[PDB]
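Working notes, structure below.
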Amino acid sequence: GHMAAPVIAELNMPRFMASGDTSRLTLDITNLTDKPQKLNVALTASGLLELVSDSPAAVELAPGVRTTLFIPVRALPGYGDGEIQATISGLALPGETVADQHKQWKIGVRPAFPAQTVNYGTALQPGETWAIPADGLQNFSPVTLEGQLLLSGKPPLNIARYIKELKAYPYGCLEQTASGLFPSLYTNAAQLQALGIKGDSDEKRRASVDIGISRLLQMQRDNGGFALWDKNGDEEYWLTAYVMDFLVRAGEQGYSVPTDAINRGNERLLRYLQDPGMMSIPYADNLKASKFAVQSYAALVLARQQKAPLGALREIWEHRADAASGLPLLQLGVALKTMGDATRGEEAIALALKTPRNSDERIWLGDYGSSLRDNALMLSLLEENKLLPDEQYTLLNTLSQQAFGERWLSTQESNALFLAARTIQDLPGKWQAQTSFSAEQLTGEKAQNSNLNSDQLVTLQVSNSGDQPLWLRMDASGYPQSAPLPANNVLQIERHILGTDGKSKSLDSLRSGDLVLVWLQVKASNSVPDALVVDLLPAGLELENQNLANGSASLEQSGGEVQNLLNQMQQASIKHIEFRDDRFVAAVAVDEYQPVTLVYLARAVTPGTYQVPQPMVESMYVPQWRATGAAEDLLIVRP
Ligand code: NI
Ligand code: NI
């Protein structure tokens with residue numbers, strides 16, 4: 001070991017970078033030997049990172065000295081990882097000691113601006129042609145642009161879309177975890193590959209369900225019911241039925257679920273039928289309709305287990321007028337029929353398809369639903385229980401036509417649609433098409449989903465070269481090159497950067513170690529009980545893990561301007577708060593007459609030139625209600 005020359009090499013870098021950012025990294029090299037060291041530092045970068053300058057020549061380091069190398073880096077377009085490598089090798093004379101150090105540093109690259117989609121769909125009569133709009137994809141970077149074309153003989157659903165959307169969802173609320181676990185339950189490596197989806201192996205897929213089932217139980221309240229963000233939170237009755245539906249259906253496939261977890265959950269579902277009075281659904285405009293949605297879903301989950309008492313099912317049925325959607329009437333109809341009351345069961349199923357959901361989104365039912373969600377969930381219940389086949393074709397045609405065009409879908413709607421597409425995946429329907437990306441005519445006996453690269457999409461043209469109507473769906477998703485125009489619908493959001501004192505602070509000419517106070521202001525023209533505030537951080541800004549609603553600040557000495565902002569955040573209905581590497585997340589119940597204030601501390605850390613993401617707010621289960629605020633073009637951090 002006498003020929004060794006230990007060297008300490010530490011890289012100072014951002015927690016993450018955004019696609020297009022440039023950062024000035026520092027490689028601190030220390031010589032803790034008793035003799036000088038001549039070093040050759042070879043720098044390389046892989047993944048979505050690139051070195052701006054060249055690798056440096058020799059490094060002369062005397063004993064005890066720490067030097068710094070300035071390494072300008074650039075983040076390449078896309079989503080994934082970036083890595084920087086250093087191979088330090090000492091250049092020494094015959095009897096002298098040698099340096100030999102290998103180090104690698106990985107940072108996540110995430111684009112500054114969220115993913116945008118384009119969704120088209122049409123029926124082409126024999127001989128008719130469809131071409132993608134030329135304007136349609138003007139905004140996307142070609143590196144990130146990927147599309148999927150679905151062709152069918154009958155009205156379809158793109159299961160590839162819903163699968164990709166549930167897998168991409170980043171937040172860990174109870175409903176979002178269950179929704180995201182349903183595809184990993186009913187799909188397989190073979191099914192996934194035939195759709196063009198590249199996922200994990202069946203063993204790893206089953207291992208993902210086991211870790212999921214445990215995460216859902218981390219949310220089970222001491223009484224047996226489940227809460228949306230924390231075990232300590234309020235009981236979510238309809239979500240307890242939802243989780244119980246999933247937990248029961250996983251056991252049916254062969255996943256182990258602790259018996260005490262199931263027994264306590266079933267005990268709640270039974271309490272919901274026999275005692276609806278104890279249910280407190282506070283943001284619900286119509287209480288009778290919300291309580292009915294719960295009892296009906298609890299009735300269906302209990303009946304699949306042969307645990308629903310007929311007496312309770314018969315009493316819920318006496319109150320069928322309370323229903324504000326056809327989905328709870330259908331769920332109760334399936335329960336009554338499963339429990340032996342086919343008479344009352346047939347009546348509830350008939351009535352279910354005759355009653356629509358109120359098209360006014362401002363009426364909160366607390367069932368995470370919509371017209372879309374309910375129509376999908378009802379198509380699956382009818383098919384699975386082989387009820388009304390004549391009505392299934394009208395419901396599928398309606399659902400097919402109303403689903404495809406929606407820019408934003410809740411997790412609940414994506415799952416509802418995934419389960420309805422799984423229902424019709426192997427549906428006979430002959431089709432012939434001539435496309436722009438293939439010389440040989442395309443044909444099929446069922447819906448065939450083909451993947452397309454950015455080149456194939458720009459010029460995409462599909463012609464029905466058959467004798468029967470053909471259906472097409474075209475879903476593309478990429479990242480925009482530049483920030484889109486700020487927009488808002490029902491919600492509104494604005495971000496102001498302040499100094500720790502309380503005055504305004506210009507994002508350009510910010511120094512490393514500078515502490516800033518980020519003020520988020522949210523208004524809504526309607527009450528939005530399920531609003532999620534996501535504020536993506538610019539790289540170079542690092543989140544101080546401090547909940548300012550509690551009052552925990554680096555300074556309590558400063559007041560007047562800052563003091564009232566903290567007092568305002570103290571008045572907010574915060575449901576959940578998260579301080580991540582690359583974002584500040586807060587789930588907040590917005591009231592129309594009470595504008596929401598959120599504040600968080602950030603520190604400018606790594607010098608560079610960074611893209612500033614726009615602040616966004618969205619209703620999690622009415623996602624047409626959303627806003628994206630204005631942001632400065634760049635954040636410059638100086639040494
Ligand atoms: Ni030795
Ligand atoms: Ni009664």
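Letters A, B, ... go to the chains of the structure tokens in the order shown; residues in each chain start at 1; ligands are counted from 1 in the same order.
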**OP:** Do a neighbour search on residue 394 in chain A at 12 Å with only C-alpha atoms, toss out local chain neighbours closer than 4 positions, and write the hits as a ChimeraX atom specification.
**Re:** /A:155,353,375,379,388-390,398-401
Subject >> Residues of range 8-133 of chain A in strand (DSSP E), written as a PyMOL selection string >> reply: chain A and resi 8-12+16-17+22-30+37-47+49-51+58-61+66-75+80-90+100-109+116-124+129-131
Subject >> Surrounding residues as a list in words, ligand 1, max 6 Å, only C-alpha atoms and all ligand atoms >> reply: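 Listing the residues within 6 Å of ligand 1 gives residues 1, 2 and 3 of chain A.
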Subject >> Who sits within 12 Å of residue 194 in chain A, only C-alpha atoms, same chain under 2 positions skipped, as number ranges by chain >> reply: A: 159-160, 187-192, 196-199, 425, 447-451
Residues as selected, N, CA and C atoms, written as a PDB file, in the first residue's frame, can you do that?
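Wrote it out as out_26.pdb, contents follow:
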```pdb
ATOM      1  N   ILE A 159     -56.314   1.509 -24.692  1.00  0.00           N
ATOM      2  CA  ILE A 159     -55.849   0.953 -23.428  1.00  0.00           C
ATOM      3  C   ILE A 159     -54.368   1.326 -23.231  1.00  0.00           C
ATOM      4  N   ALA A 160     -53.621   1.545 -24.323  1.00  0.00           N
ATOM      5  CA  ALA A 160     -52.222   1.956 -24.206  1.00  0.00           C
ATOM      6  C   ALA A 160     -52.121   3.323 -23.509  1.00  0.00           C
ATOM      7  N   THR A 187     -52.953  -6.931 -16.445  1.00  0.00           N
ATOM      8  CA  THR A 187     -52.135  -6.993 -17.661  1.00  0.00           C
ATOM      9  C   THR A 187     -50.954  -7.978 -17.438  1.00  0.00           C
ATOM     10  N   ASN A 188     -50.281  -8.384 -18.533  1.00  0.00           N
ATOM     11  CA  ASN A 188     -49.133  -9.306 -18.520  1.00  0.00           C
ATOM     12  C   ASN A 188     -48.089  -8.864 -19.542  1.00  0.00           C
ATOM     13  N   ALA A 189     -46.848  -9.352 -19.401  1.00  0.00           N
ATOM     14  CA  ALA A 189     -45.714  -9.046 -20.277  1.00  0.00           C
ATOM     15  C   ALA A 189     -46.056  -9.209 -21.778  1.00  0.00           C
ATOM     16  N   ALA A 190     -46.816 -10.279 -22.130  1.00  0.00           N
ATOM     17  CA  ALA A 190     -47.243 -10.615 -23.496  1.00  0.00           C
ATOM     18  C   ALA A 190     -48.284  -9.618 -24.045  1.00  0.00           C
ATOM     19  N   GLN A 191     -49.352  -9.332 -23.253  1.00  0.00           N
ATOM     20  CA  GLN A 191     -50.439  -8.392 -23.570  1.00  0.00           C
ATOM     21  C   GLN A 191     -49.855  -6.993 -23.809  1.00  0.00           C
ATOM     22  N   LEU A 192     -48.976  -6.567 -22.881  1.00  0.00           N
ATOM     23  CA  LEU A 192     -48.259  -5.297 -22.878  1.00  0.00           C
ATOM     24  C   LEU A 192     -47.396  -5.144 -24.121  1.00  0.00           C
ATOM     25  N   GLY A 196     -47.318  -2.668 -27.760  1.00  0.00           N
ATOM     26  CA  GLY A 196     -46.103  -1.890 -27.977  1.00  0.00           C
ATOM     27  C   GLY A 196     -45.571  -1.218 -26.721  1.00  0.00           C
ATOM     28  N   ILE A 197     -46.214  -1.477 -25.561  1.00  0.00           N
ATOM     29  CA  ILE A 197     -45.799  -0.937 -24.261  1.00  0.00           C
ATOM     30  C   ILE A 197     -44.608  -1.771 -23.756  1.00  0.00           C
ATOM     31  N   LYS A 198     -43.508  -1.087 -23.427  1.00  0.00           N
ATOM     32  CA  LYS A 198     -42.312  -1.716 -22.874  1.00  0.00           C
ATOM     33  C   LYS A 198     -42.339  -1.499 -21.358  1.00  0.00           C
ATOM     34  N   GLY A 199     -42.556  -2.588 -20.626  1.00  0.00           N
ATOM     35  CA  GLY A 199     -42.631  -2.581 -19.170  1.00  0.00           C
ATOM     36  C   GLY A 199     -41.702  -3.584 -18.513  1.00  0.00           C
ATOM     37  N   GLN A 425     -61.078  -5.603 -25.477  1.00  0.00           N
ATOM     38  CA  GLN A 425     -59.790  -5.768 -26.171  1.00  0.00           C
ATOM     39  C   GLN A 425     -59.806  -6.837 -27.264  1.00  0.00           C
ATOM     40  N   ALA A 447     -58.883  -4.768 -32.892  1.00  0.00           N
ATOM     41  CA  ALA A 447     -58.168  -3.490 -32.769  1.00  0.00           C
ATOM     42  C   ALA A 447     -56.636  -3.705 -32.698  1.00  0.00           C
ATOM     43  N   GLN A 448     -55.893  -3.047 -33.594  1.00  0.00           N
ATOM     44  CA  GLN A 448     -54.435  -3.152 -33.599  1.00  0.00           C
ATOM     45  C   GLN A 448     -53.818  -1.762 -33.380  1.00  0.00           C
ATOM     46  N   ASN A 449     -52.999  -1.635 -32.328  1.00  0.00           N
ATOM     47  CA  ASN A 449     -52.317  -0.399 -31.946  1.00  0.00           C
ATOM     48  C   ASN A 449     -50.853  -0.456 -32.405  1.00  0.00           C
ATOM     49  N   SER A 450     -50.464   0.396 -33.385  1.00  0.00           N
ATOM     50  CA  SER A 450     -49.085   0.474 -33.904  1.00  0.00           C
ATOM     51  C   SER A 450     -48.375   1.761 -33.423  1.00  0.00           C
ATOM     52  N   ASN A 451     -47.126   1.649 -32.926  1.00  0.00           N
ATOM     53  CA  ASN A 451     -46.372   2.817 -32.437  1.00  0.00           C
ATOM     54  C   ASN A 451     -45.719   3.572 -33.583  1.00  0.00           C
TER      55      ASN A 451
END
```
**OP:** Quick one: everything within 8 Å of range 435-444 of chain A, counting only C-alpha atoms, minus sequence neighbours fewer than 2 positions away in the same chain. Send it as a ChimeraX atom specification.
**Re:** /A:152,429-433,446-448,456,459-463
Include N, CA, C and O atoms and write out the residues we just selected as a tab-separated table (two decimals), in the first residue's frame.
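Listed below is the output, again.tsv:
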```
chain	number	residue	atom	x	y	z
A	152	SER	N	-59.41	0.03	-35.96
A	152	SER	CA	-60.38	-1.00	-35.56
A	152	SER	C	-61.58	-1.11	-36.52
A	152	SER	O	-61.91	-0.16	-37.23
A	429	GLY	N	-63.84	-7.64	-35.23
A	429	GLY	CA	-64.13	-6.55	-36.15
A	429	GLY	C	-63.06	-6.44	-37.21
A	429	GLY	O	-61.95	-5.97	-36.93
A	430	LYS	N	-63.38	-6.87	-38.44
A	430	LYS	CA	-62.47	-6.86	-39.58
A	430	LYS	C	-62.24	-5.45	-40.10
A	430	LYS	O	-63.19	-4.66	-40.18
A	431	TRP	N	-60.97	-5.12	-40.45
A	431	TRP	CA	-60.63	-3.80	-40.99
A	431	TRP	C	-59.42	-3.87	-41.96
A	431	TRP	O	-58.54	-4.72	-41.81
A	432	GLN	N	-59.40	-2.95	-42.95
A	432	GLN	CA	-58.35	-2.76	-43.97
A	432	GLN	C	-58.00	-1.28	-44.05
A	432	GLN	O	-58.91	-0.46	-44.10
A	433	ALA	N	-56.71	-0.92	-44.06
A	433	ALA	CA	-56.26	0.47	-44.16
A	433	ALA	C	-54.96	0.60	-44.92
A	433	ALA	O	-54.10	-0.28	-44.85
A	446	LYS	N	-59.23	-7.63	-35.20
A	446	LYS	CA	-59.49	-6.93	-33.94
A	446	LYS	C	-58.70	-5.60	-33.93
A	446	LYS	O	-57.96	-5.33	-34.87
A	447	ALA	N	-58.88	-4.77	-32.89
A	447	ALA	CA	-58.17	-3.49	-32.77
A	447	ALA	C	-56.64	-3.71	-32.70
A	447	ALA	O	-56.15	-4.49	-31.88
A	448	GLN	N	-55.89	-3.05	-33.59
A	448	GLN	CA	-54.44	-3.15	-33.60
A	448	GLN	C	-53.82	-1.76	-33.38
A	448	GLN	O	-54.11	-0.83	-34.12
A	456	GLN	N	-42.76	9.59	-38.72
A	456	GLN	CA	-43.95	8.93	-39.24
A	456	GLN	C	-45.22	9.75	-38.98
A	456	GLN	O	-46.14	9.69	-39.79
A	459	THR	N	-46.17	13.49	-41.24
A	459	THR	CA	-46.74	13.13	-42.54
A	459	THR	C	-47.87	12.06	-42.46
A	459	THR	O	-48.25	11.48	-43.49
A	460	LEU	N	-48.35	11.75	-41.25
A	460	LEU	CA	-49.32	10.69	-41.01
A	460	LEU	C	-50.66	10.91	-41.77
A	460	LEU	O	-51.33	11.92	-41.63
A	461	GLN	N	-51.00	9.92	-42.57
A	461	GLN	CA	-52.18	9.85	-43.42
A	461	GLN	C	-52.68	8.41	-43.40
A	461	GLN	O	-51.88	7.48	-43.59
A	462	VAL	N	-53.98	8.22	-43.11
A	462	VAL	CA	-54.64	6.90	-43.03
A	462	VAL	C	-55.87	6.90	-43.95
A	462	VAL	O	-56.70	7.80	-43.86
A	463	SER	N	-55.99	5.90	-44.81
A	463	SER	CA	-57.10	5.76	-45.74
A	463	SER	C	-57.83	4.43	-45.51
A	463	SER	O	-57.16	3.40	-45.39
```
Original post:
Between A:116, A:232, A:286, A:179, which is the closest to residue 410 in chain A once you count only C-alpha atoms?
Top reply: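 The closest residue to residue 410 in chain A is A:179.
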**OP:** For residue 403 in chain A, please output as a ChimeraX atom specification all residues within 12 Å (counting only C-alpha atoms; exclusion window: fewer than 2 positions along the same chain).
**Re:** /A:119-121,155-159,161-162,370-376,395-401,405-410,413-414,416-418,420-421,473,475
So that I have them on file, write out the residues from the current selection with C-alpha atoms, as a PDB file, in the first residue's frame.
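File again-v8.pdb, as written:
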```pdb
ATOM      1  CA  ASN A 119     -55.706  13.237 -29.322  1.00  0.00           C
ATOM      2  CA  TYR A 120     -57.548  12.536 -32.562  1.00  0.00           C
ATOM      3  CA  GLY A 121     -60.156   9.988 -33.532  1.00  0.00           C
ATOM      4  CA  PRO A 155     -65.689   1.648 -31.888  1.00  0.00           C
ATOM      5  CA  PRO A 156     -62.442   1.341 -29.803  1.00  0.00           C
ATOM      6  CA  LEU A 157     -60.653   2.465 -26.627  1.00  0.00           C
ATOM      7  CA  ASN A 158     -56.901   3.064 -26.442  1.00  0.00           C
ATOM      8  CA  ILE A 159     -55.849   0.953 -23.428  1.00  0.00           C
ATOM      9  CA  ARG A 161     -53.063   5.586 -23.239  1.00  0.00           C
ATOM     10  CA  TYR A 162     -54.674   4.749 -19.841  1.00  0.00           C
ATOM     11  CA  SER A 370     -67.827  12.088 -13.807  1.00  0.00           C
ATOM     12  CA  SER A 371     -70.160  11.123 -16.691  1.00  0.00           C
ATOM     13  CA  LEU A 372     -67.132   9.574 -18.494  1.00  0.00           C
ATOM     14  CA  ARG A 373     -65.952   7.618 -15.401  1.00  0.00           C
ATOM     15  CA  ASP A 374     -69.459   6.278 -14.645  1.00  0.00           C
ATOM     16  CA  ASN A 375     -70.195   5.257 -18.273  1.00  0.00           C
ATOM     17  CA  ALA A 376     -66.871   3.270 -18.386  1.00  0.00           C
ATOM     18  CA  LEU A 395     -72.981   2.473 -24.248  1.00  0.00           C
ATOM     19  CA  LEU A 396     -69.668   1.425 -25.940  1.00  0.00           C
ATOM     20  CA  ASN A 397     -70.346   3.687 -28.998  1.00  0.00           C
ATOM     21  CA  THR A 398     -71.141   6.666 -26.646  1.00  0.00           C
ATOM     22  CA  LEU A 399     -68.106   5.972 -24.392  1.00  0.00           C
ATOM     23  CA  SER A 400     -65.763   5.547 -27.441  1.00  0.00           C
ATOM     24  CA  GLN A 401     -66.880   8.899 -28.888  1.00  0.00           C
ATOM     25  CA  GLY A 405     -60.868  13.774 -27.199  1.00  0.00           C
ATOM     26  CA  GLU A 406     -60.269  14.645 -23.508  1.00  0.00           C
ATOM     27  CA  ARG A 407     -56.948  16.438 -22.999  1.00  0.00           C
ATOM     28  CA  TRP A 408     -56.868  15.765 -19.207  1.00  0.00           C
ATOM     29  CA  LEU A 409     -58.246  12.654 -17.513  1.00  0.00           C
ATOM     30  CA  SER A 410     -58.236  11.968 -13.787  1.00  0.00           C
ATOM     31  CA  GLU A 413     -61.238   8.123 -15.297  1.00  0.00           C
ATOM     32  CA  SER A 414     -58.033   6.541 -16.752  1.00  0.00           C
ATOM     33  CA  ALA A 416     -62.394   3.286 -15.345  1.00  0.00           C
ATOM     34  CA  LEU A 417     -61.438   3.484 -19.087  1.00  0.00           C
ATOM     35  CA  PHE A 418     -58.586   0.938 -18.703  1.00  0.00           C
ATOM     36  CA  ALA A 420     -63.629  -0.883 -19.988  1.00  0.00           C
ATOM     37  CA  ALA A 421     -60.908  -1.311 -22.739  1.00  0.00           C
ATOM     38  CA  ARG A 473     -57.450   6.882 -32.724  1.00  0.00           C
ATOM     39  CA  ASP A 475     -52.619   9.644 -29.326  1.00  0.00           C
TER      40      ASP A 475
END
```
Subject >> For ligand 2, the nearest of the candidates A:311, A:111, A:133, A:282, counting only C-alpha atoms and all ligand atoms >> reply: A:311
Subject >> Backbone DSSP call of helix (DSSP H, G or I) for range 288-392 of chain A, listed as JSON, numbers by chain >> reply: {"A": [288, 289, 290, 291, 292, 293, 294, 295, 296, 297, 298, 299, 300, 301, 302, 303, 304, 310, 311, 312, 313, 314, 315, 316, 317, 318, 320, 321, 322, 326, 327, 328, 329, 330, 331, 332, 333, 334, 335, 336, 337, 338, 342, 343, 344, 345, 346, 347, 348, 349, 350, 351, 352, 371, 372, 373, 374, 375, 376, 377, 378, 379, 380, 381, 382, 383, 384, 389, 390, 391, 392]}
